[PDB]
Engineer: 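Structure provided below as structure tokens; questions to follow.
We use all heavy atoms of the structure for the numbers below, so side chains are in, but hydrogens, waters and symmetry mates are not. So that the names make sense, note that chain A is the first sequence line, chain B the second, and so on, each numbered from 1.
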Amino acid sequence: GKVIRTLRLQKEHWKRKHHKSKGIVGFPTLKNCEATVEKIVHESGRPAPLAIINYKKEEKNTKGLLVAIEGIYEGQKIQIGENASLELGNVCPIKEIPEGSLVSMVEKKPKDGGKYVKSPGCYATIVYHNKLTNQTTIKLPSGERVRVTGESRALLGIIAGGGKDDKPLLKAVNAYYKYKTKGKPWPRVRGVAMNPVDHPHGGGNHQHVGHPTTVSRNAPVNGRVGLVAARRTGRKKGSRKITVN
RNA sequence: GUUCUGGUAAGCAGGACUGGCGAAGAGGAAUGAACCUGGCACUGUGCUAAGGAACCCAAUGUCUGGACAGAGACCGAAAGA
RNA sequence: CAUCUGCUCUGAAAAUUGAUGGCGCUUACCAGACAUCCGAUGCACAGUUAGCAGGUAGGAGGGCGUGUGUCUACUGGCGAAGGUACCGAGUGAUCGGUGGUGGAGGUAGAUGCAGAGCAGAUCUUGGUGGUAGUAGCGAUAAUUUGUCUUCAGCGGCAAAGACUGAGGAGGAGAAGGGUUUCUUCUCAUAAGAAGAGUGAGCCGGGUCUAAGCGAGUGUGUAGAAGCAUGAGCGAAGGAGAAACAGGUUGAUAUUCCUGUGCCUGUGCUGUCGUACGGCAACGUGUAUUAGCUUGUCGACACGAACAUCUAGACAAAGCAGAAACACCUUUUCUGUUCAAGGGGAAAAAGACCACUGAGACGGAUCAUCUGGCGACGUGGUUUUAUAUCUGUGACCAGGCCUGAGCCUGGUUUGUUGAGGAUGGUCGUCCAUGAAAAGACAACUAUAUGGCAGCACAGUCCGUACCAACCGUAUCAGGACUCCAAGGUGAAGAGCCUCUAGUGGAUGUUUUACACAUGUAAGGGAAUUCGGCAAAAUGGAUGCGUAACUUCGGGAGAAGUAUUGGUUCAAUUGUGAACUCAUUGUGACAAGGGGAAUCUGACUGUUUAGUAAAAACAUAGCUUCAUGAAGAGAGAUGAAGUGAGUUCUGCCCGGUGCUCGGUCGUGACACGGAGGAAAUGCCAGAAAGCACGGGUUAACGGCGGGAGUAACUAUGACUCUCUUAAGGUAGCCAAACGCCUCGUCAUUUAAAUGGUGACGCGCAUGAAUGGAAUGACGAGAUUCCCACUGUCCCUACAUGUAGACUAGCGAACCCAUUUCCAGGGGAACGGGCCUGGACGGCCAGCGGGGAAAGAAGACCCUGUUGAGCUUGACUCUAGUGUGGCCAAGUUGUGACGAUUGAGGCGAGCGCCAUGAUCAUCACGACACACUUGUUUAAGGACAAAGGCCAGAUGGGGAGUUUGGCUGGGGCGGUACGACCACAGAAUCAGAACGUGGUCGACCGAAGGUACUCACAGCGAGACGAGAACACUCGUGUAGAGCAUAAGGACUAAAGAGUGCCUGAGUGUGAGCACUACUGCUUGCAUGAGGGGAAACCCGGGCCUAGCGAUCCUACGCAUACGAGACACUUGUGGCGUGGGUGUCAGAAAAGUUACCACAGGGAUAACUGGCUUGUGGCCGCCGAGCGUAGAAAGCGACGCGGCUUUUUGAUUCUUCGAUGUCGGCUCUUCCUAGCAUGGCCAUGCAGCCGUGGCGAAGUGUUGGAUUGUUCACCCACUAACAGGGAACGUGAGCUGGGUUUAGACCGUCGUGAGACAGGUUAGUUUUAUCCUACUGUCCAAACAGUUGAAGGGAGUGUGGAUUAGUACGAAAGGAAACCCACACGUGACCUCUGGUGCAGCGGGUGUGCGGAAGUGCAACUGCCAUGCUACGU
RNA sequence: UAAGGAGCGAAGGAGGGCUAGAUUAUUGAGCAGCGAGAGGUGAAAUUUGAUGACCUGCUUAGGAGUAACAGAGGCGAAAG
Ligand SMILES: [K+]
Ligand SMILES: [K+]
Ligand SMILES: [K+]
Ligand SMILES: [K+]
Ligand SMILES: [K+]
Ligand SMILES: [K+]
Ligand SMILES: [K+]
Ligand SMILES: [K+]
Ligand SMILES: [K+]
Ligand SMILES: [K+]
Ligand SMILES: [K+]
Ligand SMILES: [K+]
Ligand SMILES: [K+]
Ligand SMILES: [K+]
Ligand SMILES: [K+]
Ligand SMILES: [K+]
Ligand SMILES: [K+]
Ligand SMILES: [K+]
Ligand SMILES: [K+]
Ligand SMILES: [K+]
Ligand SMILES: [K+]
Ligand SMILES: [K+]
Ligand SMILES: [K+]
Ligand SMILES: [K+]
Ligand SMILES: [K+]
Ligand SMILES: [K+]
Ligand SMILES: [K+]
Ligand SMILES: [K+]
Ligand SMILES: [K+]
Ligand SMILES: [K+]
Ligand SMILES: [K+]
Ligand SMILES: [K+]
Ligand SMILES: [K+]
Ligand SMILES: [K+]
Ligand SMILES: [K+]
Ligand SMILES: [K+]
Ligand SMILES: [K+]
Ligand SMILES: [K+]
Ligand SMILES: [K+]
Ligand SMILES: [K+]
Ligand SMILES: [K+]
Ligand SMILES: [K+]
Ligand SMILES: [K+]
Ligand SMILES: [K+]
Ligand SMILES: [K+]
Ligand SMILES: [K+]
Ligand SMILES: [K+]
Ligand SMILES: [K+]
Ligand SMILES: [K+]
Ligand SMILES: [K+]
Ligand SMILES: [K+]
Ligand SMILES: [K+]
Ligand SMILES: [K+]
Ligand SMILES: [K+]
Ligand SMILES: [K+]
Ligand SMILES: [K+]
Ligand SMILES: [K+]
Ligand SMILES: [K+]
Ligand SMILES: [K+]
Ligand SMILES: [K+]
Ligand SMILES: [K+]
Ligand SMILES: [K+]
Ligand SMILES: [K+]
Ligand SMILES: [K+]
Ligand SMILES: [K+]
Ligand SMILES: [K+]
Ligand SMILES: [K+]
Ligand SMILES: [K+]
Ligand SMILES: [K+]
Ligand SMILES: [K+]
Ligand SMILES: [K+]
Ligand SMILES: [K+]
Ligand SMILES: [K+]
Ligand SMILES: [K+]
Ligand SMILES: [K+]
Ligand SMILES: [K+]
Ligand SMILES: [K+]
Ligand SMILES: [Mg+2]
Ligand SMILES: [Mg+2]
Ligand SMILES: [Mg+2]
Ligand SMILES: [Mg+2]
Ligand SMILES: [Mg+2]
Ligand SMILES: [Mg+2]
Ligand SMILES: [Mg+2]
Ligand SMILES: [Mg+2]
Ligand SMILES: [Mg+2]
Ligand SMILES: [Mg+2]
Ligand SMILES: [Mg+2]
Ligand SMILES: [Mg+2]
Ligand SMILES: [Mg+2]
Ligand SMILES: [Mg+2]
Ligand SMILES: [Mg+2]
Ligand SMILES: [Mg+2]
Ligand SMILES: [Mg+2]
Ligand SMILES: [Mg+2]
Ligand SMILES: [Mg+2]
Ligand SMILES: [Mg+2]
Ligand SMILES: [Mg+2]
Ligand SMILES: [Mg+2]
Ligand SMILES: [Mg+2]
Ligand SMILES: [Mg+2]
Ligand SMILES: [Mg+2]
Ligand SMILES: [Mg+2]
Ligand SMILES: [Mg+2]
Ligand SMILES: [Mg+2]
Ligand SMILES: [Mg+2]
Ligand SMILES: [Mg+2]
Ligand SMILES: [Mg+2]
Ligand SMILES: [Mg+2]
Ligand SMILES: [Mg+2]
Ligand SMILES: [Mg+2]
Ligand SMILES: [Mg+2]
Ligand SMILES: [Mg+2]
Ligand SMILES: [Mg+2]
Ligand SMILES: [Mg+2]
Ligand SMILES: [Mg+2]
Ligand SMILES: [Mg+2]
Ligand SMILES: [Mg+2]
Ligand SMILES: [Mg+2]
Ligand SMILES: [Mg+2]
Ligand SMILES: [Mg+2]
Ligand SMILES: [Mg+2]
Ligand SMILES: [Mg+2]
Ligand SMILES: [Mg+2]
Ligand SMILES: [Mg+2]
Ligand SMILES: [Mg+2]
Ligand SMILES: [Mg+2]
Ligand SMILES: [Mg+2]
Ligand SMILES: [Mg+2]
Ligand SMILES: [Mg+2]
Ligand SMILES: [Mg+2]
Ligand SMILES: [Mg+2]
Ligand SMILES: [Mg+2]
Ligand SMILES: [Mg+2]
Ligand SMILES: [Mg+2]
Ligand SMILES: [Mg+2]
Ligand SMILES: [Mg+2]
């Protein structure tokens, strides 16, 4: 047969375009700074708003981008790095923040610029500090617990734009605007409605799959469709998670 | 043509024996691949075959019995007056 | 009288008109005989001749002709070759001469070399016919008259008549074209030839940057591709310094000329400058370069309402000129202009500054709103149009003259108003709506800078025209944009007009059949698969509006009434009166409505060119995988179901996916033992596999049999088999039910239909999603109201073609000689045989030419393909897993490998610890390697490369998927062997002919020598019987012989008993159609067997139990071995084993309804032919039955025929094509007689019937369900018989069924896919030829006639009278003449319907100044003549 | 007013909402010790354990609850 939809959309001419982008998002590199928030802006592909910051490096003014936490305003002064106060919207070394606190834009290793929590409405929880090893345990929004060194930086607050998934998209055109900038195929034609030249689920005198939909992790790429390496299937209840800090 | 097997049968399917048409014209059965007479270079005079002999159409008449049905010369059964 | 033989007779019915061959024959027949004649390529005689002589496929011998070579002989201007008429020679292929034409070359003989002879190939190229002066050439607005040319153009010009109608058939640009544009001449004309024509600082290109492309460099490659970075490039419609009027040419113009300007720079001469004002909001002053830095401009979505301006359009008055006047009118028409640049208001809308000090309150918008972070008020500051003036006069209208110049006007007011411009507000979004070049301000330094005059400069390329573009063209198609008047009306709708633009194949009143349209008595879907098509409804205003519903909707529900003109009131609500001959959204424009069911939630999308859908999408719901990112779990990808409401039961046995451990297996490397060494051997061994768990909103799956309740039925209850679990809740003859047209109710006169119920449901059912509704479908289906030419049943009229005529002018197709009936024939003839008939012409028509299209698409065959699937065969990319490979450095412990000095148990193995090399975790440093944490972080790990080895692998690649066969498939095996039967008494001998057997078994069931029988039957012998052991007599096999069938065997070949391993070893010859195989037989040998010996034995009493080349295993002796020699491996020879059952021997699964190619009537799906089982119809006999009684009527059990209208059986004709079911329409034939006419019998009183005979003239209907033929009901009737003609009839129609490609359901399949199972959507071409048929002319002067031959026509019902009569116990109950009607036939318009071309009238919208006369769009009342039936 | 509402003074109660903490217990994982049974009942079987259960240590992760004191005691319109 021919090449399936899933492979074609991974070729280079289909990658997302950057022409409307504001810049690369991430923290400054300097040990200490005082910054001012210049503007709060929407960026074409992203639902969380961005804040433009201004800080001096040598004598010269320089500009950066952060993801906005909820409760900043244009004109606010913010303090970055060691010796910053625990005030909403400051950036601090993680070892300085008390247990049970909520944080965003956490660095996985020092000076990486911030990864981890970046989507609207999300946060992470500080669950443990180890005074020997200088590690800290953070609980991520998937439920995963990960350990990071005390020298990493983090932003104090919750990411702006929460609640967005409460309102249903009642019409086809509303879905159109949401997926127009994403990589997923919309509208999505079902594999059982294709001919066998186009998809492993195609063909036959009734619309059916005909073979089990759970497939191996090591299966060849042009036929790896369906539920890939599923441990279980169906709507029944699972089992207890195992937890360590 | 003579015989045989399967089949209700068939211008049906399949064997055996002796001549044909295929690869065979000519005269005769009104017409017909295979039936009757009889096997072909080219001319001329006579004679016969098979089949014909009121007329179409070259050659026809005679004797003795049957037969009356728009019958027969071409043409079907068991049963009958 | 009884039998037998001959001829006649009865049994004896088929579809166009018919066949002893015809006409005829009764003395042309049947049977028995007789005469002699006619008749072959045969026979006789005679010529010619080698004479011995037919011939496909095929084979051989001898000759004729063509282009060129070598030689010999000749020839041509006193006319060569060629070509054309005649004449001679040869059986023939061919050859020779004569007379005209032609104008320079040509042969005869013998040999040599070959591109060496045409009727055909749907042959190749070129040229020409018939058809044929024919088919056609005419969609759109429309044309007439005069006059000149033209020389014969509806060409030009005047006057009329029309049309596009400002979302134009008008005026311009772009893409595309490229001289098509202008002048002259000529026909050569959508034709040529010769010239001429496009002028810029201010218009556009050359500039900037979007999405993006990229030279070079780095890395890579055999060279490439690719990847990282990046000079340069990227928009004639995005950003982008500065121009406008009026004139002029045959053709250019914001480009030329005149006038008035502007931008960017340069230089001269004058003339001034080095600062101030306001509480403030800010002003006055035309101001230099340069630089940091901060900001602004360039610089931006959609939608709605409200202001203001400008084009435009109206109406009054003034003047100037036009139109109209039988009448009337100060009625009607055209005009009344002002650019860029300069100067400049009031106004409206917002910002802001000073004083002031406000509320349970003031201000303010069409709408939101607004104020102590300062309201109202009073005075100011600033930003954004426009009117008006100047632009020095141009331009327009009119008058007077004129081959030129003068003169006069261009004045005032009101209403409205963009489809253009601008301003400040408001709404929407999980969508927030480009960059850069180039500018400007503030701040800091620095200063000869501003203005006026005059002068200079600004390169290069494009510039004509389009009705001329793309479609083979002068093609009804396609193709990016701009400007836009008046009336009617909501409206750049339709209809009518102003500005501007427009047109030719000719004449004829022109039948039939058409194509676009009108109208119709009475009836109203009776029509048809089906209301398909048409009709009906229609705008605005008011009254009045149901079920159900997600509460939004349904809803314009439905149902009803009103509407013109005039003259008034009243001011947006509307009222009232008067008036008209059909009435008023008058033309144009403009919904039919209701009740239910199946199905998809909705708007949206799709097979360009047969499918618009129930299919796809969609919002919502659920599952899965991941912490990797230029992205970071409200994320990023993969699947399934299909909005909302309400539910979503049970199963982890199989298959898959996933998790955990090894107990076993499982590669290469790395080790070990041995040997002179190679080859082998042993250990070792990840992941996988196996094993144990999880998982169905994963693939999917979800039962049988017996009994049992006070009538019968049914079974809550019991028992029994069975499993992974035995279909829960719901729903149903449903788009899913075979039987099936299921049963009951309702709808109709009548229901293979619809709806409601019921349910052991062939084969319903839960995100392979189940069930009940709303709103919305060019979706499928049933019914009702309105409405109608769909129909009964057709008639009349209009336009355009068509017929005839002038001008112009083709194609398909074609072996062609073409009237029928029967016969035969390749089984349906135009041509052949025997009969019936025989002409040409013009216009129509569709019976035939199995008419033309196109090497049948269905079906089979080919050792021909391609797309797609998987549990087919053999490989492969990707993904995982192991060991090894760039000398990192140094610590600690550990297991392991190798050998000593210790200890235990009757020097052994076992237990202690001490030295020698690898080596697995763990630490701590920095040097390889990694990362924009980069003057940095990690770190010998990772990540990325390389060489070998295992695992997985329809993600892909190649290929295969036997044969015979009363077509193929499914089934069997007639595919290798053996016996019997038949195949007309040797042997042989076919069919999916008949009865069967084989793929082995046995140390004896083999070899030998000797002994004796057997199966039974008749007597006996205790328990002891039908049947126990023992005896005597008979006993030709009635028994046995392992295993089919046949043959064979008696002191044995059978049953016993003894001994043996001949079921030896070498090597020959033969038989069975004889290779393999099986058997028969010769000679030589054994320290061979059995027997006294003669004799016998190298398997089974005889006929069946089996297999090549190459490779490999074993036995046997004799060989070979590379320069030489020794050994371990190897190679030769003979013979046996390991195996091919498709058995004279490839290594192999499906599907195509998406389909291709070569062929086949060697072979299926129609018709026809032969047959007639089965279907249908008729005879013979007489057992019984009929109230008696064989036979009025019947007729068992048996027996003989006919028919082709049923279905089989067979494969003769057609696969380079004979259009396939039913209906509609129309004609003819058959009889086996339903009605109607004449008769005979009766169990015939009469009435009504029943059985038969001669007879085919005239009849045999309207409907409901269904695609039906068929069936079954209702209504009528004299009666509602049965059939044929290529299952009559598609260049006659229709297209409901079946049977291409889309899609749903059930059952089957792991799947792609299947299903004489159900459902819905699905392109019907061409006559102009010949012949037939129908009419028309000629053959046939004119007037009056004749009648050969051909055609043919009237059929039936009722009433009255006989008569309440005959006849019958009664009840009942018949038989001419006359009159009324229906169907059919032929005519006719006096009457009555219908139609409206000629004729008279009326109104609506808009044109010609009014009235009168009238155009266009079309509407409407009456109606001559004519034609017609619903009339006579 | 030994009718009602407003208010003052000292005090009492498991009455209610919110914020920040707590001693144990029941399960689950990690690691260590030991080496055969644990559980459950009237009596037993399903079941789990040499992949080391049970019991005893140390670590951790969660989500409920407030024993004994505690009563013919208190509070609230009732539910509590
Ligand atoms: K997308
Ligand atoms: K499909
Ligand atoms: K499928
Ligand atoms: K499905
Ligand atoms: K299945
Ligand atoms: K032949
Ligand atoms: K012969
Ligand atoms: K003859
Ligand atoms: K024959
Ligand atoms: K004669
Ligand atoms: K005759
Ligand atoms: K005779
Ligand atoms: K030829
Ligand atoms: K030939
Ligand atoms: K018009
Ligand atoms: K733009
Ligand atoms: K000039
Ligand atoms: K516009
Ligand atoms: K130009
Ligand atoms: K108008
Ligand atoms: K109007
Ligand atoms: K207009
Ligand atoms: K209009
Ligand atoms: K109907
Ligand atoms: K029907
Ligand atoms: K139709
Ligand atoms: K309600
Ligand atoms: K309705
Ligand atoms: K009306
Ligand atoms: K109309
Ligand atoms: K739909
Ligand atoms: K719509
Ligand atoms: K549609
Ligand atoms: K699913
Ligand atoms: K979905
Ligand atoms: K549902
Ligand atoms: K299972
Ligand atoms: K399973
Ligand atoms: K049930
Ligand atoms: K059913
Ligand atoms: K029925
Ligand atoms: K019914
Ligand atoms: K089922
Ligand atoms: K099911
Ligand atoms: K389920
Ligand atoms: K539709
Ligand atoms: K006419
Ligand atoms: K004409
Ligand atoms: K015949
Ligand atoms: K025949
Ligand atoms: K014939
Ligand atoms: K013919
Ligand atoms: K015709
Ligand atoms: K015809
Ligand atoms: K380090
Ligand atoms: K370093
Ligand atoms: K460091
Ligand atoms: K394949
Ligand atoms: K056969
Ligand atoms: K035997
Ligand atoms: K050697
Ligand atoms: K050598
Ligand atoms: K072998
Ligand atoms: K074979
Ligand atoms: K398909
Ligand atoms: K047939
Ligand atoms: K055919
Ligand atoms: K058809
Ligand atoms: K009769
Ligand atoms: K008749
Ligand atoms: K047709
Ligand atoms: K005369
Ligand atoms: K006559
Ligand atoms: K009349
Ligand atoms: K009339
Ligand atoms: K007009
Ligand atoms: K409290
Ligand atoms: Mg596939
Ligand atoms: Mg489905
Ligand atoms: Mg002959
Ligand atoms: Mg003679
Ligand atoms: Mg020959
Ligand atoms: Mg040659
Ligand atoms: Mg000459
Ligand atoms: Mg040749
Ligand atoms: Mg004509
Ligand atoms: Mg018109
Ligand atoms: Mg118009
Ligand atoms: Mg138009
Ligand atoms: Mg021209
Ligand atoms: Mg310009
Ligand atoms: Mg450029
Ligand atoms: Mg531009
Ligand atoms: Mg011009
Ligand atoms: Mg200008
Ligand atoms: Mg031009
Ligand atoms: Mg009518
Ligand atoms: Mg009427
Ligand atoms: Mg009908
Ligand atoms: Mg219709
Ligand atoms: Mg229903
Ligand atoms: Mg739609
Ligand atoms: Mg189509
Ligand atoms: Mg269509
Ligand atoms: Mg769907
Ligand atoms: Mg749903
Ligand atoms: Mg619910
Ligand atoms: Mg049904
Ligand atoms: Mg019907
Ligand atoms: Mg029903
Ligand atoms: Mg189903
Ligand atoms: Mg004939
Ligand atoms: Mg063919
Ligand atoms: Mg073909
Ligand atoms: Mg073959
Ligand atoms: Mg192939
Ligand atoms: Mg291919
Ligand atoms: Mg396989
Ligand atoms: Mg075959
Ligand atoms: Mg024996
Ligand atoms: Mg022997
Ligand atoms: Mg063979
Ligand atoms: Mg045949
Ligand atoms: Mg028969
Ligand atoms: Mg027939
Ligand atoms: Mg044809
Ligand atoms: Mg043919
Ligand atoms: Mg035909
Ligand atoms: Mg008769
Ligand atoms: Mg037919
Ligand atoms: Mg026909
Ligand atoms: Mg159809
Ligand atoms: Mg189909
Ligand atoms: Mg359709
Ligand atoms: Mg008229
Ligand atoms: Mg333990
Ligand atoms: Mg307590």
Engineer: Under the 4.5 Å side-chain heavy-atom rule for ILVMFWY, direct or indirect, which residues accompany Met194(A)?
Structural biologist: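 In the cluster with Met194(A) are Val189(A).
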Engineer: Taking any atom closer than 4.0 angstrom to a non-hydrogen atom of chain A, what span of RNA chain C does the protein reach, first nucleotide to last?
Structural biologist: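 Boundary nucleotides touching chain A, in 5' to 3' order, are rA211(C) to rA1314(C).
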Engineer: Could you check whether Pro185(A) gets within reach of a base, just the sugar-phosphate, or nothing at all, counting any heavy atom under 4.0 Å?
Structural biologist: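 The answer is sugar-phosphate, as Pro185(A) gets under 4.0 Å only of primed atoms, P, OP1 or OP2.
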Engineer: Rounded to whole angstrom, note down the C1' distance from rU934(C) over to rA951(C).
Structural biologist: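 Straight-line distance between the two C1' atoms is 45 Å.
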Engineer: Kindly state each residue pair satisfying side-chain hydrogen bond (donor to acceptor under 3.5 Å, both in side chains) with at least one member in residues 74-83 of chain A, sequence neighbours excluded.
Structural biologist: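 Qualifying pairs: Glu34(A)-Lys77(A).
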Engineer: Categorize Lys180(A) for me: base, sugar-phosphate, or nothing, with a 4.0 angstrom heavy-atom threshold over every strand shown.
Structural biologist: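 Touches nothing.
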Engineer: What is the pairing partner of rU1151(C), taking Watson-Crick or G-U wobble pairs with both distances under 3.5 Å in any strand?
Structural biologist: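 With both distances under 3.5 Å, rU1151(C) matches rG867(C).
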Engineer: Report, as yes or no, whether the 6.0 Å neighbourhood of atom CD on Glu70(A) holds more than 12 heavy atoms from other residues, nucleotides or ligands.
Structural biologist: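 No, because the 6.0 Å sphere around CD of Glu70(A) holds 12 heavy atoms or fewer from other groups.
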Engineer: In residues 99-117 of chain A, which residues come under 4.0 Å of RNA chain C by heavy atom?
Structural biologist: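 Going residue by residue through residues 99-117 of chain A, the ones with a heavy atom under 4.0 Å of RNA chain C turn out to be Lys108(A), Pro110(A), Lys111(A), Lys115(A), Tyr116(A), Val117(A).
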Engineer: Can you list, in residue-number order, the parts of residues 15-48 of chain A that come under 4.0 Å of RNA chain C, counting heavy atoms only?
Structural biologist: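 Correct list: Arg16(A), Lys17(A), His18(A), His19(A), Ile24(A), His42(A), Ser44(A), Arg46(A).
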Engineer: Counting only non-hydrogen atoms, which of residues 58-78 of chain A are less than 4.0 Å from RNA chain C?
Structural biologist: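 Only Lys60(A), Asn61(A) qualify.
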Engineer: Near RNA chain C, which residues from residues 221-228 of chain A have a heavy atom under 4.0 Å away?
Structural biologist: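 Of all residues in residues 221-228 of chain A, the ones placing a heavy atom under 4.0 Å from RNA chain C are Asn222(A), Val225(A), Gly226(A), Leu227(A), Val228(A).
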Engineer: Kindly write out the residues that satisfy salt bridge (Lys or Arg N to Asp or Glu O under 4.0 Å) with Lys60(A), not counting sequence neighbours, or none if the list is empty.
Structural biologist: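 Partners of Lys60(A) under the salt bridge (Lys or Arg N to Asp or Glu O under 4.0 Å) test: none.
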Engineer: Using a 4.0 Å heavy-atom cut-off across all strands, classify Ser142(A) as base, sugar-phosphate, or nothing.
Structural biologist: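 The answer is base, as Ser142(A) lies within the cut-off (heavy atoms under 4.0 Å) of a base atom.
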Engineer: My understanding is that only residues two or more places apart in sequence, or in another chain, count here; which of them pass side chain to side chain donor-acceptor pair (under 3.5 Å) with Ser239(A)?
Structural biologist: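 Testing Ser239(A) for side chain to side chain donor-acceptor pair (under 3.5 Å), a comparison that skips the adjacent residues, returns none.
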Engineer: Would you say the rings of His201(A) and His211(A) are close, in the sense that their centroids are separated by under 6.0 Å?
Structural biologist: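 Centroid distance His211(A)-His201(A): below 6.0 Å, so yes.
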Engineer: Name all stems that contain residues of RNA chain D, defined as runs of 3 or more consecutive Watson-Crick or G-U wobble pairs, both distances under 3.5 Å.
Structural biologist: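 Expected stems, ordered by start: D:27-33 with D:55-61.
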Engineer: What does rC873(C) pair with, Watson-Crick or G-U, if both distances are under 3.5 Å?
Structural biologist: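 When the pairing criteria are applied, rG958(C) turns out to be the nucleotide that pairs with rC873(C).
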Engineer: Tell me the partner of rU1320(C), counting only Watson-Crick (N1-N3 plus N6-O4 or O6-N4) or G-U wobble (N1-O2 and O6-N3) with both under 3.5 Å; none if nothing fits.
Structural biologist: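 Looking at the geometry, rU1320(C) pairs with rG1302(C).
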Engineer: Going by the rule salt bridge (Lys or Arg N to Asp or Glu O under 4.0 Å), which residues pair with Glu12(A) if we only count those two or more places apart in sequence or in a different chain?
Structural biologist: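 By the salt bridge (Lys or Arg N to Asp or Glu O under 4.0 Å) rule, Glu12(A) matches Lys15(A).
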Engineer: Please classify the nucleic acid contact of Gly183(A) as base, sugar-phosphate, or nothing, using heavy-atom distances under 4.0 Å.
Structural biologist: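 Sugar-phosphate: the residue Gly183(A), judged by heavy atoms under 4.0 Å, touches backbone atoms but no base.
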Engineer: Watson-Crick or G-U wobble partner for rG96(C), using a 3.5 Å limit on both distances?
Structural biologist: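 The answer is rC87(C), by the H-bond criterion.
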Engineer: Do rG391(C) and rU392(C) stack, judged by ring centres under 5.5 Å and ring planes under 30°?
Structural biologist: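 Base stacking for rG391(C) and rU392(C): not present.
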Engineer: Could you tell me whether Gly234(A) contacts a base, only the sugar-phosphate backbone, or nothing, with contacts defined as non-hydrogen atoms closer than 4.0 Å?
Structural biologist: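 Contact class for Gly234(A): sugar-phosphate only.
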Engineer: Of all residues at least two apart in sequence or in a different chain, which pass the side chain to side chain donor-acceptor pair (under 3.5 Å) check with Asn222(A)?
Structural biologist: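 So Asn222(A) forms no side chain to side chain donor-acceptor pair (under 3.5 Å) with any residue.
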Engineer: Base, sugar-phosphate, or nothing for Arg5(A), non-hydrogen atoms under 4.0 angstrom?
Structural biologist: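 Touches sugar-phosphate only.
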Engineer: Does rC276(C) have a Watson-Crick or wobble partner in any strand here, with both distances under 3.5 angstrom, and which is it?
Structural biologist: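 Pairing partner: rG283(C).
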